[PDB]
Amino acid sequence: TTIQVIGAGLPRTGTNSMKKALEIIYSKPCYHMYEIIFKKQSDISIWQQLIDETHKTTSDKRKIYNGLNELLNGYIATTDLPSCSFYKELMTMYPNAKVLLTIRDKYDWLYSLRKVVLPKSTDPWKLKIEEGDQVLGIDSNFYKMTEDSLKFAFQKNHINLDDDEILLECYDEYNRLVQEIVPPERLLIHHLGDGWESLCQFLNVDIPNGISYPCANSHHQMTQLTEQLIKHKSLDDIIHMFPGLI
Ligand SMILES: Nc1ncnc2c1ncn2[C@@H]1O[C@H](COP(=O)(O)O)[C@@H](OP(=O)(O)O)[C@H]1O
Ligand SMILES: CC(C)NC[C@@H]1CCc2cc(CO)c([N+](=O)[O-])cc2N1
């Protein structure tokens with residue numbers, strides 16, 4: 001059991017739905033940020049060490065490959081931040097794995113990103129996210145790892161993450177680059193809304209009979225989850241309000 005599909009799509013492009021879709025297709029687990037937050041928060045420091053390794057004048061690529069392989073043990077696929085930023089290293093490690101690029105309108109993406117993953121530093125919603133994350137046992141190291149992995153995906157050392165215009169152009173550049181460096185036969189570009197057909201064709205499987213394509217992880221749902229975590233101060237107490245999400 002090793003990686004068959006590498007999800008290179010950025011966060012907030014339908015990765016949790018793609019995660020669920022792949023788990024339906026393969027009946028084996030797919031990695032996602034939800035795996036880290038809700039199941040394995042100890043992975044945060046490991047991802048941080050790997051991203052830190054990339055910032056060295058001479059990076060130890062074998063250390064990174066071995067670290068990626070350990071993180072992804074028991075998974076059939078990976079999606080989302082932070083793994084998407086390592087899609088090149090994953091491609092090298094798993095030469096037979098196919099690559100998915102989940103994609104969507106860039107303006108909707110940015111809006112989604114600011115609501116969940118990367119608020120502007122002066123946005124009051126950032127404090128509500130933090131307070132909510134406190135309930136989940138998430139600390140400040142989490143934000144450093146996600147920030148560093150976005151910067152790593154965009155291949156930038158210095159960047160003003162509060163500038164929407166920069167993030168929009170980074171998004172387009174990122175998706176262009178994936179399309180440039182992944183051979184066409186090894187890549188499926190999956191637009192938000194595309195559903196089973198193109199995906200199943202690509203992965204050489206039939207469309208799941210009587211099972212609809214997943215639709216999960218809206219910023220509306222994430223805003224409500226943040227609100228409810230703050231109100232009740234317990235995930236277990238509110239999880240029934242979020243069926244089928246985690
Ligand atoms: N089947 C589907 N059709 C349309 N949008 C979908 C979808 N599945 C997920 N999404 C959207 O993809 C985004 C989440 O992606 P990710 O899981 O990578 O964080 C959300 O966007 P919004 O925040 O605009 O609602 C979510 O609503
Ligand atoms: C709602 C509040 C309690 N925070 C929890 C949410 C869960 C989904 C999520 C997903 C990503 C990337 O998919 C990131 N990210 O990269 O920062 C952060 C979060 N945070």
# chains A, B, ... in the order shown; residues from 1 in each chain; ligands from 1

call {"tool": "residues_near_ligand", "arguments": {"ligand": "ligand 2", "cutoff": "7 Å", "atoms": "only C-alpha atoms and all ligand atoms", "output": "ChimeraX atom specification"}}
result
/A:11-12,33-34,37,80-81,116-118,129,132-133,136,143,146,222-223,225-226,229

call {"tool": "write_last_selection", "arguments": {"atoms": "N, CA, C and O atoms", "output": "PDB file, in the first residue's frame"}}
result
ATOM      1  N   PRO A  11      -4.892  24.448  -1.272  1.00  0.00           N
ATOM      2  CA  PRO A  11      -6.025  24.430  -0.345  1.00  0.00           C
ATOM      3  C   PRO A  11      -7.159  25.290  -0.853  1.00  0.00           C
ATOM      4  O   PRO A  11      -6.906  26.262  -1.585  1.00  0.00           O
ATOM      5  N   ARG A  12      -8.374  24.933  -0.452  1.00  0.00           N
ATOM      6  CA  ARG A  12      -9.622  25.584  -0.864  1.00  0.00           C
ATOM      7  C   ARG A  12      -9.963  25.441  -2.343  1.00  0.00           C
ATOM      8  O   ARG A  12     -10.678  26.270  -2.882  1.00  0.00           O
ATOM      9  N   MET A  33      -5.274  17.958   5.087  1.00  0.00           N
ATOM     10  CA  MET A  33      -5.001  18.713   6.308  1.00  0.00           C
ATOM     11  C   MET A  33      -5.899  18.239   7.451  1.00  0.00           C
ATOM     12  O   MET A  33      -5.507  18.293   8.628  1.00  0.00           O
ATOM     13  N   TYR A  34      -7.104  17.789   7.129  1.00  0.00           N
ATOM     14  CA  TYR A  34      -7.983  17.254   8.171  1.00  0.00           C
ATOM     15  C   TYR A  34      -7.339  16.066   8.917  1.00  0.00           C
ATOM     16  O   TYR A  34      -7.613  15.862  10.095  1.00  0.00           O
ATOM     17  N   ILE A  37      -5.042  17.896  11.517  1.00  0.00           N
ATOM     18  CA  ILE A  37      -5.734  18.645  12.556  1.00  0.00           C
ATOM     19  C   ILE A  37      -6.530  17.753  13.477  1.00  0.00           C
ATOM     20  O   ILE A  37      -6.481  17.929  14.703  1.00  0.00           O
ATOM     21  N   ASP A  80      -4.191  18.461  -0.595  1.00  0.00           N
ATOM     22  CA  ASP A  80      -4.208  19.633   0.284  1.00  0.00           C
ATOM     23  C   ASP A  80      -2.807  20.064   0.728  1.00  0.00           C
ATOM     24  O   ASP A  80      -1.811  19.365   0.508  1.00  0.00           O
ATOM     25  N   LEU A  81      -2.752  21.248   1.331  1.00  0.00           N
ATOM     26  CA  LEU A  81      -1.633  21.679   2.162  1.00  0.00           C
ATOM     27  C   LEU A  81      -1.435  20.691   3.290  1.00  0.00           C
ATOM     28  O   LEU A  81      -2.425  20.151   3.786  1.00  0.00           O
ATOM     29  N   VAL A 116     -10.519  30.882   5.832  1.00  0.00           N
ATOM     30  CA  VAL A 116     -10.216  29.630   6.519  1.00  0.00           C
ATOM     31  C   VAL A 116      -8.733  29.457   6.809  1.00  0.00           C
ATOM     32  O   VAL A 116      -8.350  29.133   7.929  1.00  0.00           O
ATOM     33  N   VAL A 117      -7.901  29.733   5.816  1.00  0.00           N
ATOM     34  CA  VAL A 117      -6.521  29.308   5.851  1.00  0.00           C
ATOM     35  C   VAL A 117      -5.577  30.467   6.117  1.00  0.00           C
ATOM     36  O   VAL A 117      -4.601  30.320   6.862  1.00  0.00           O
ATOM     37  N   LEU A 118      -5.856  31.623   5.516  1.00  0.00           N
ATOM     38  CA  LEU A 118      -4.883  32.703   5.532  1.00  0.00           C
ATOM     39  C   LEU A 118      -5.557  34.069   5.538  1.00  0.00           C
ATOM     40  O   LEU A 118      -5.522  34.798   4.530  1.00  0.00           O
ATOM     41  N   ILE A 129     -10.544  32.504  14.509  1.00  0.00           N
ATOM     42  CA  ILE A 129      -9.893  31.263  14.065  1.00  0.00           C
ATOM     43  C   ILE A 129      -8.965  30.715  15.139  1.00  0.00           C
ATOM     44  O   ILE A 129      -9.017  29.525  15.479  1.00  0.00           O
ATOM     45  N   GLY A 132     -10.962  29.438  18.215  1.00  0.00           N
ATOM     46  CA  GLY A 132     -11.539  28.169  17.799  1.00  0.00           C
ATOM     47  C   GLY A 132     -10.489  27.065  17.752  1.00  0.00           C
ATOM     48  O   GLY A 132     -10.694  25.980  18.278  1.00  0.00           O
ATOM     49  N   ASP A 133      -9.359  27.335  17.118  1.00  0.00           N
ATOM     50  CA  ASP A 133      -8.308  26.326  17.017  1.00  0.00           C
ATOM     51  C   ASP A 133      -7.779  25.919  18.392  1.00  0.00           C
ATOM     52  O   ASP A 133      -7.285  24.802  18.564  1.00  0.00           O
ATOM     53  N   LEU A 136      -9.260  22.944  19.717  1.00  0.00           N
ATOM     54  CA  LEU A 136      -8.844  21.729  19.028  1.00  0.00           C
ATOM     55  C   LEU A 136      -7.462  21.332  19.482  1.00  0.00           C
ATOM     56  O   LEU A 136      -6.928  20.319  19.045  1.00  0.00           O
ATOM     57  N   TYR A 143       0.240  27.616  12.482  1.00  0.00           N
ATOM     58  CA  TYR A 143       0.138  28.681  11.482  1.00  0.00           C
ATOM     59  C   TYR A 143       1.479  28.880  10.798  1.00  0.00           C
ATOM     60  O   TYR A 143       1.543  29.214   9.616  1.00  0.00           O
ATOM     61  N   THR A 146       1.724  26.129   8.108  1.00  0.00           N
ATOM     62  CA  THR A 146       0.873  26.334   6.933  1.00  0.00           C
ATOM     63  C   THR A 146       1.386  27.511   6.098  1.00  0.00           C
ATOM     64  O   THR A 146       1.384  27.454   4.865  1.00  0.00           O
ATOM     65  N   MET A 222     -16.986  26.071   7.738  1.00  0.00           N
ATOM     66  CA  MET A 222     -15.840  26.342   8.576  1.00  0.00           C
ATOM     67  C   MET A 222     -16.107  27.529   9.518  1.00  0.00           C
ATOM     68  O   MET A 222     -15.646  27.538  10.660  1.00  0.00           O
ATOM     69  N   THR A 223     -16.851  28.520   9.039  1.00  0.00           N
ATOM     70  CA  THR A 223     -17.200  29.682   9.903  1.00  0.00           C
ATOM     71  C   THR A 223     -18.107  29.246  11.063  1.00  0.00           C
ATOM     72  O   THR A 223     -17.853  29.584  12.217  1.00  0.00           O
ATOM     73  N   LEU A 225     -18.280  26.225  12.284  1.00  0.00           N
ATOM     74  CA  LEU A 225     -17.504  25.346  13.159  1.00  0.00           C
ATOM     75  C   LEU A 225     -16.668  26.182  14.119  1.00  0.00           C
ATOM     76  O   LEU A 225     -16.531  25.849  15.292  1.00  0.00           O
ATOM     77  N   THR A 226     -16.098  27.272  13.614  1.00  0.00           N
ATOM     78  CA  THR A 226     -15.315  28.173  14.436  1.00  0.00           C
ATOM     79  C   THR A 226     -16.223  28.780  15.535  1.00  0.00           C
ATOM     80  O   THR A 226     -15.851  28.804  16.703  1.00  0.00           O
ATOM     81  N   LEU A 229     -17.242  26.104  18.104  1.00  0.00           N
ATOM     82  CA  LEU A 229     -16.140  25.693  18.964  1.00  0.00           C
ATOM     83  C   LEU A 229     -15.941  26.745  20.049  1.00  0.00           C
ATOM     84  O   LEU A 229     -15.630  26.441  21.200  1.00  0.00           O
TER      85      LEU A 229
END

call {"tool": "residues_near_ligand", "arguments": {"ligand": "ligand 1", "cutoff": "7 Å", "atoms": "only C-alpha atoms and all ligand atoms", "output": "count of residues only"}}
result
23

call {"tool": "residues_around", "arguments": {"residues": "residue 7 in chain A", "least_positions_apart": "2", "cutoff": "12 Å", "atoms": "only C-alpha atoms", "output": "ChimeraX atom specification"}}
result
/A:3-5,9-11,13-19,21-22,30-32,76-88,90-91,97-103,178,186-190

call {"tool": "closest_atom_pairs", "arguments": {"of": "range 133-218 of chain A", "to": "range 40-58 of chain A", "cutoff": "7 Å", "atoms": "only C-alpha atoms", "output": "JSON lines"}}
result
{"residue": "A:142", "atom": "CA", "partner": "A:44", "partner_atom": "CA", "distance": 6.6}
{"residue": "A:145", "atom": "CA", "partner": "A:48", "partner_atom": "CA", "distance": 5.4}
{"residue": "A:149", "atom": "CA", "partner": "A:51", "partner_atom": "CA", "distance": 6.7}

call {"tool": "closest_residue", "arguments": {"among": "A:230, A:167, A:148, A:246", "to": "residue 113 in chain A", "atoms": "only C-alpha atoms"}}
result
A:167

call {"tool": "select_by_dssp", "arguments": {"residues": "range 84-242 of chain A", "states": "strand (DSSP E or B)", "output": "number ranges by chain"}}
result
A: 98-103, 187-191

call {"tool": "residues_around", "arguments": {"residues": "range 208-210 of chain A", "least_positions_apart": "5", "cutoff": "12 Å", "atoms": "only C-alpha atoms", "output": "short mmCIF file (atom, residue, chain, number, x, y, z; two decimals) with N, CA and C atoms, in the first residue's frame"}}
result
data_model
loop_
_atom_site.label_atom_id
_atom_site.label_comp_id
_atom_site.auth_asym_id
_atom_site.auth_seq_id
_atom_site.Cartn_x
_atom_site.Cartn_y
_atom_site.Cartn_z
N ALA A 21 -13.57 11.45 -2.27
CA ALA A 21 -13.80 10.75 -3.52
C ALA A 21 -12.79 9.61 -3.71
N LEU A 22 -11.53 9.91 -3.42
CA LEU A 22 -10.48 8.91 -3.56
C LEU A 22 -10.66 7.78 -2.54
N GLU A 23 -11.12 8.11 -1.33
CA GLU A 23 -11.34 7.08 -0.31
C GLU A 23 -12.50 6.19 -0.72
N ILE A 24 -13.44 6.74 -1.48
CA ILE A 24 -14.54 5.93 -2.02
C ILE A 24 -14.02 5.01 -3.13
N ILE A 25 -13.23 5.57 -4.02
CA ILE A 25 -12.71 4.79 -5.15
C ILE A 25 -11.80 3.64 -4.69
N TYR A 26 -10.90 3.91 -3.74
CA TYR A 26 -9.88 2.94 -3.36
C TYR A 26 -10.14 2.16 -2.08
N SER A 27 -11.14 2.59 -1.31
CA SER A 27 -11.42 2.05 0.03
C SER A 27 -10.16 1.99 0.88
N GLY A 195 -17.08 16.45 -10.93
CA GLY A 195 -17.68 15.18 -10.55
C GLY A 195 -16.90 13.93 -10.94
N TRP A 196 -17.60 12.80 -11.04
CA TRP A 196 -16.93 11.50 -11.20
C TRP A 196 -16.33 11.20 -12.56
N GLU A 197 -16.91 11.74 -13.61
CA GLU A 197 -16.69 11.17 -14.94
C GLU A 197 -15.22 11.22 -15.34
N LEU A 199 -12.71 11.93 -13.54
CA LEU A 199 -11.84 11.38 -12.51
C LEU A 199 -11.75 9.86 -12.65
N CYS A 200 -12.90 9.23 -12.79
CA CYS A 200 -12.93 7.78 -12.90
C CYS A 200 -12.27 7.31 -14.19
N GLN A 201 -12.47 8.05 -15.27
CA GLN A 201 -11.83 7.71 -16.53
C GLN A 201 -10.31 7.71 -16.35
#

call {"tool": "closest_residue", "arguments": {"among": "A:127, A:29, A:185, A:224", "to": "residue 203 in chain A", "atoms": "only C-alpha atoms"}}
result
A:185

call {"tool": "closest_residue", "arguments": {"among": "A:170, A:104, A:154, A:111", "to": "residue 194 in chain A", "atoms": "only C-alpha atoms"}}
result
A:104

call {"tool": "select_by_dssp", "arguments": {"residues": "range 4-188 of chain A", "states": "alpha helix (DSSP H)", "output": "PyMOL selection string"}}
result
chain A and resi 15-26+33-38+43-54+61-71+87-93+106-116+125-135+140-154+164-181

call {"tool": "closest_residue", "arguments": {"among": "A:124, A:202, A:141, A:62", "to": "residue 184 in chain A", "atoms": "only C-alpha atoms"}}
result
A:202

call {"tool": "decode", "arguments": {"residues": "range 101-189 of chain A", "atoms": "C-alpha atoms", "output": "mmCIF file, in the first residue's frame"}}
result
data_model
loop_
_atom_site.group_PDB
_atom_site.id
_atom_site.type_symbol
_atom_site.label_atom_id
_atom_site.label_comp_id
_atom_site.auth_asym_id
_atom_site.auth_seq_id
_atom_site.Cartn_x
_atom_site.Cartn_y
_atom_site.Cartn_z
ATOM 1 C CA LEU A 101 -4.728 19.382 -10.120
ATOM 2 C CA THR A 102 -7.907 20.541 -8.442
ATOM 3 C CA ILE A 103 -8.712 24.055 -9.590
ATOM 4 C CA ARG A 104 -11.427 26.728 -9.433
ATOM 5 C CA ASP A 105 -12.084 30.401 -10.215
ATOM 6 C CA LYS A 106 -9.203 32.403 -8.707
ATOM 7 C CA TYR A 107 -11.382 35.031 -7.037
ATOM 8 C CA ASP A 108 -13.587 32.470 -5.295
ATOM 9 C CA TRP A 109 -10.417 30.653 -4.202
ATOM 10 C CA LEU A 110 -8.857 33.762 -2.659
ATOM 11 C CA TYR A 111 -12.053 34.568 -0.832
ATOM 12 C CA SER A 112 -12.218 31.027 0.516
ATOM 13 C CA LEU A 113 -8.524 31.162 1.481
ATOM 14 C CA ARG A 114 -8.965 34.373 3.489
ATOM 15 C CA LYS A 115 -11.896 32.878 5.417
ATOM 16 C CA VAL A 116 -10.216 29.630 6.519
ATOM 17 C CA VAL A 117 -6.521 29.308 5.851
ATOM 18 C CA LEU A 118 -4.883 32.703 5.532
ATOM 19 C CA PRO A 119 -6.753 35.756 6.830
ATOM 20 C CA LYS A 120 -4.992 39.098 6.498
ATOM 21 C CA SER A 121 -2.882 39.855 9.599
ATOM 22 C CA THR A 122 -5.220 42.731 10.550
ATOM 23 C CA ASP A 123 -8.466 40.815 9.964
ATOM 24 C CA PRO A 124 -10.401 40.421 13.257
ATOM 25 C CA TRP A 125 -11.583 37.021 12.000
ATOM 26 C CA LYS A 126 -7.990 35.816 12.542
ATOM 27 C CA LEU A 127 -8.540 35.980 16.321
ATOM 28 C CA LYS A 128 -11.747 33.917 16.084
ATOM 29 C CA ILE A 129 -9.893 31.263 14.065
ATOM 30 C CA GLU A 130 -7.166 31.196 16.706
ATOM 31 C CA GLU A 131 -9.639 30.954 19.589
ATOM 32 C CA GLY A 132 -11.539 28.169 17.799
ATOM 33 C CA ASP A 133 -8.308 26.326 17.017
ATOM 34 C CA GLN A 134 -7.431 26.539 20.738
ATOM 35 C CA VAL A 135 -10.327 24.235 21.478
ATOM 36 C CA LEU A 136 -8.844 21.729 19.028
ATOM 37 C CA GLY A 137 -5.528 21.898 20.837
ATOM 38 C CA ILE A 138 -3.970 23.745 17.891
ATOM 39 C CA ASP A 139 -1.136 26.159 18.786
ATOM 40 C CA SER A 140 0.834 28.859 16.993
ATOM 41 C CA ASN A 141 3.270 26.384 15.405
ATOM 42 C CA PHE A 142 0.391 25.290 13.213
ATOM 43 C CA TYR A 143 0.138 28.681 11.482
ATOM 44 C CA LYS A 144 3.865 28.810 10.898
ATOM 45 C CA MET A 145 3.831 25.449 9.191
ATOM 46 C CA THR A 146 0.873 26.334 6.933
ATOM 47 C CA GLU A 147 2.386 29.715 6.038
ATOM 48 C CA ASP A 148 5.761 28.192 5.249
ATOM 49 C CA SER A 149 4.178 25.483 3.121
ATOM 50 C CA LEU A 150 2.209 28.060 1.076
ATOM 51 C CA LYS A 151 5.373 30.108 0.553
ATOM 52 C CA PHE A 152 7.134 26.887 -0.440
ATOM 53 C CA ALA A 153 4.387 26.111 -2.999
ATOM 54 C CA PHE A 154 4.740 29.629 -4.430
ATOM 55 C CA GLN A 155 8.542 29.386 -4.319
ATOM 56 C CA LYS A 156 8.968 32.647 -2.372
ATOM 57 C CA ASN A 157 11.258 33.496 0.536
ATOM 58 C CA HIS A 158 9.838 36.986 1.118
ATOM 59 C CA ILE A 159 6.236 37.746 0.223
ATOM 60 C CA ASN A 160 3.493 39.998 1.512
ATOM 61 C CA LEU A 161 0.810 37.485 2.275
ATOM 62 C CA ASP A 162 -1.639 40.289 3.084
ATOM 63 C CA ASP A 163 -1.629 41.415 -0.575
ATOM 64 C CA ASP A 164 -4.536 39.887 -2.513
ATOM 65 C CA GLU A 165 -3.015 40.919 -5.806
ATOM 66 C CA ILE A 166 0.147 38.936 -5.058
ATOM 67 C CA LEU A 167 -1.805 35.874 -3.928
ATOM 68 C CA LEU A 168 -3.954 35.886 -7.061
ATOM 69 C CA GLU A 169 -0.911 35.949 -9.308
ATOM 70 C CA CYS A 170 0.832 33.260 -7.226
ATOM 71 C CA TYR A 171 -2.242 31.043 -7.614
ATOM 72 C CA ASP A 172 -2.260 31.366 -11.397
ATOM 73 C CA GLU A 173 1.489 30.875 -11.596
ATOM 74 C CA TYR A 174 1.299 27.794 -9.361
ATOM 75 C CA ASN A 175 -1.381 26.113 -11.477
ATOM 76 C CA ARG A 176 0.417 27.016 -14.711
ATOM 77 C CA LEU A 177 3.629 25.480 -13.416
ATOM 78 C CA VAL A 178 1.962 22.190 -12.476
ATOM 79 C CA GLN A 179 0.508 21.974 -15.995
ATOM 80 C CA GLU A 180 3.919 22.759 -17.475
ATOM 81 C CA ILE A 181 5.979 20.235 -15.543
ATOM 82 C CA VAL A 182 3.577 17.292 -15.256
ATOM 83 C CA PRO A 183 3.346 15.270 -18.490
ATOM 84 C CA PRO A 184 -0.231 15.605 -19.897
ATOM 85 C CA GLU A 185 -0.950 11.857 -19.776
ATOM 86 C CA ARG A 186 -0.017 11.817 -16.042
ATOM 87 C CA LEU A 187 -2.217 14.803 -15.091
ATOM 88 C CA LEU A 188 -5.924 15.406 -14.677
ATOM 89 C CA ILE A 189 -7.127 18.964 -14.185
#
